[PDB]
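*Asks:* I'd like to ask some things about the structure below.
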Amino acid sequence: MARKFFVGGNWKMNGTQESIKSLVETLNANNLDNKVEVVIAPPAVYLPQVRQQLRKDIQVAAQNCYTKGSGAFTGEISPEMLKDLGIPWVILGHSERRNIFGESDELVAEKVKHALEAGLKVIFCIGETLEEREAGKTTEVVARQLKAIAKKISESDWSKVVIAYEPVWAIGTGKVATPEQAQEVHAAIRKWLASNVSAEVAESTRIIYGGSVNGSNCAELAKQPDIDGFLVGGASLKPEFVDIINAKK
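Position 17 of the sequence shown, counting from 1, maps to 17 under PDB author numbering, and the rest follow consecutively.
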């Protein structure tokens with residue numbers, strides 16, 4: 001089966017009730033390629049508002065959750081709570097959480113495993129730093145970040161995972177990976193899955209690109225054979241998000 005094209009919008013720490021009602025009203029009124037799977041990730045306190053107001057063919061994601069079902073973790077939410085509220089997706093391991101909040105490869109892996117156990121689907125984020133890119137080590141970095149998740153999840157668990165490759169140097173900087181650069185990483189990720197997990201997981205797993213995707217560069221990225229869609233940060237707050245969803249026309 002062809003991999004279903006996937007576009008996620010990560011609003012990060014942005015929004016008010018009124019501004020989010022406007023973002024959702026624009027999504028509700030636009031004609032979206034019905035072959036594309038679309039997921040939107042608002043701040044956690046706006047998850048009820050967005051699930052209520054948003055067209056039901058677009059699913060909602062949280063931007064983070066913790067590793068346990070319940071307990072003495074002031075300020076943390078469990079994937080069980082997300083499932084309970086009808087939020088089917090969670091983004092885990094975004095670079096901002098690996099850096100600012102010090103989430104290690106192993107902590108991300110534990111979050112992915114527990115979210116899957118709790119019944120969620122996961123957008124799992126990986127990607128190399130500017131220095132690692134300049135050192136020519138992107139393939140070894142993504143392999144290391146993938147291996148940590150593979151150590152904690154089963155072959156069958158990958159069916160509810162989407163891999164988001166985001167070069168750290170491309171996140172919010174206006175510097176997008178070229179089609180060649182992104183395609184090479186996605187091919188290496190898929191090859192890693194084939195050798196380390198299974199050929200079936202490699203052929204079925206969506207690998208989406210993120211980092212300065214916009215309405216202009218999205219078409220040629222979407223044409224790359226191992227790029228299955230996008231994780232969109234700043235542009236998901238803009239009307240061009242519709243053009244990115246519609247990148248394959």
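Even for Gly, the Cβ is constructed at its ideal location relative to N, Cα and C.
#1: By the 10 Å Cβ neighbour count, where 16 or more other Cβ atoms means buried, how is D228 classified, buried or exposed?
#2: Which term fits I100, buried or exposed, when burial requires 16 or more other beta carbons within 10 angstroms of its beta carbon?
#3: To the nearest angstrom, how far is it from the Cα of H186 to the Cα of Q53?
#4: If you draw a straight line from the alpha carbon of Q59 to that of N217, how long is it in whole angstroms?
#5: Within the continuous alpha helix (DSSP H) that includes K121, where are the two ends?
#6: Just the C-alpha distance for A2 and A188, rounded to the nearest angstrom, thanks.
#7: In angstroms with no decimal places, state the Cα-to-Cα distance between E155 and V197.
#8: According to DSSP, is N217 helix, strand or coil?
#9: Put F101 into one of helix, strand or coil per three-state DSSP.
#10: According to the neighbour-count rule (16 or more other Cβ atoms, all chains shown, within 10 Å of its Cβ), is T138 buried or exposed?
#11: Can you tell me where the beta strand (DSSP E) with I40 in it begins and where it stops?
#12: In terms of residue numbering, what span does the alpha helix (DSSP H) encompassing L146 cover?
#13: Roughly how many angstroms separate the alpha carbons of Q181 and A222, rounded to a whole number?
#14: How far does the beta strand (DSSP E) with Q59 in it reach, from first residue to last?
#15: Take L32 and list the residues in its own chain whose beta-carbon comes closer than 6 Å to its own, dropping the five residues that flank it on each side.
#16: Compare the beta carbon distance of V90 and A109 with 8 Å and say whether it is the shorter of the two.
#17: Tell me, please, whether the segment 19-26 touches the segment 73-90 by the rule of three or more beta-carbon pairs shorter than 8 Å.
#18: Take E220 and list the residues in its own chain whose beta-carbon comes closer than 6 Å to its own, dropping the five residues that flank it on each side.
#19: Among the residues of its own chain, which have a CB less than 8 Å from the CB of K35, if the five just before and after it don't count?
#20: Apart from the five residues on each side of it in sequence, which residues of its chain come closer than 6 Å, Cβ to Cβ, to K113?
*Replies:* According to the structure shown:
#1: The residue given as residue 228 occupies position 228 in the sequence shown. So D228 ends up on the buried side.
#2: Within the sequence shown, numbered from 1, the residue matching residue 100 stands at position 100. By the neighbour-count rule (16 or more Cβ atoms within 10 Å), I100 is not buried but exposed.
#3: By 1-based counting over the sequence shown, the position of residue 186 is 186. By 1-based counting over the sequence shown, the position of residue 53 is 53. Rounded to the nearest angstrom, the two C-alpha atoms are 34 Å apart.
#4: Your numbering for residue 59 matches position 59 in the sequence shown. Your numbering for residue 217 matches position 217 in the sequence shown. Take the alpha-carbon of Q59 and the one of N217: they are about 25 Å apart.
#5: By one-based count along the sequence shown, residue 121 stands at place 121. Segment 121-126 is the beta strand (DSSP E) holding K121; no alpha helix (DSSP H) there.
#6: Position 2 of the sequence shown, counted from the first residue, corresponds to residue 2. Position 188 of the sequence shown, counted from the first residue, corresponds to residue 188. About 19 Å.
#7: On the sequence shown, position 155 is the one that residue 155 refers to. On the sequence shown, position 197 is the one that residue 197 refers to. Rounded to whole angstroms, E155 to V197 spans 6 Å at the Cα level.
#8: By 1-based counting over the sequence shown, the position of residue 217 is 217. In this structure, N217 counts as coil in the three-state DSSP scheme.
#9: Sequence index remark: in the sequence shown, residue 101 carries index 101 (1-based). When secondary structure is reduced to three states using DSSP, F101 falls in the coil class, being assigned neither helix nor strand.
#10: As a position in the sequence shown, residue 138 is number 138, starting the count at 1. Classification for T138: buried.
#11: Locating residue 40 in the sequence shown gives position 40, counting from the first residue. Where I40 is concerned, the enclosing beta strand (DSSP E) stretches over 37-41.
#12: Reading the sequence shown from its first residue, position 146 is the one you call residue 146. Counting along the chain, the unbroken alpha helix (DSSP H) around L146 starts and ends at 138-150.
#13: Position 181 of the sequence shown, counting from 1, holds the residue named residue 181. Position 222 of the sequence shown, counting from 1, holds the residue named residue 222. Answer to the nearest angstrom: the Cα atoms are 13 Å apart.
#14: Along the sequence shown, read from residue 1 onward, the residue named residue 59 stands at position 59. Taken as a continuous stretch (DSSP letters only), the beta strand (DSSP E) holding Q59 covers 59-62.
#15: To locate residue 32, count along the sequence shown from 1; it is residue 32. Result list for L32: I245, in chain order.
#16: Counted from its first residue, the sequence shown places residue 90 at position 90. Counted from its first residue, the sequence shown places residue 109 at position 109. No, they are not a contact pair.
#17: Taking 8 Å as the limit for Cβ pairs, the verdict is that the segment 73-90 does not touch the segment 19-26.
#18: Translated into positions along the sequence shown, residue 220 becomes position 220. Taken in chain order, the residues that qualify are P179.
#19: Residue mapping note: residue 35 aligns to position 35 of the sequence shown, counting from 1. Within the same chain, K35 has close Cβ partners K4, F5, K248.
#20: As a working note, residue 113 is residue 113 in the sequence shown. Excluding residues within five positions, the ones whose Cβ falls inside 6 Å are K152, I153.
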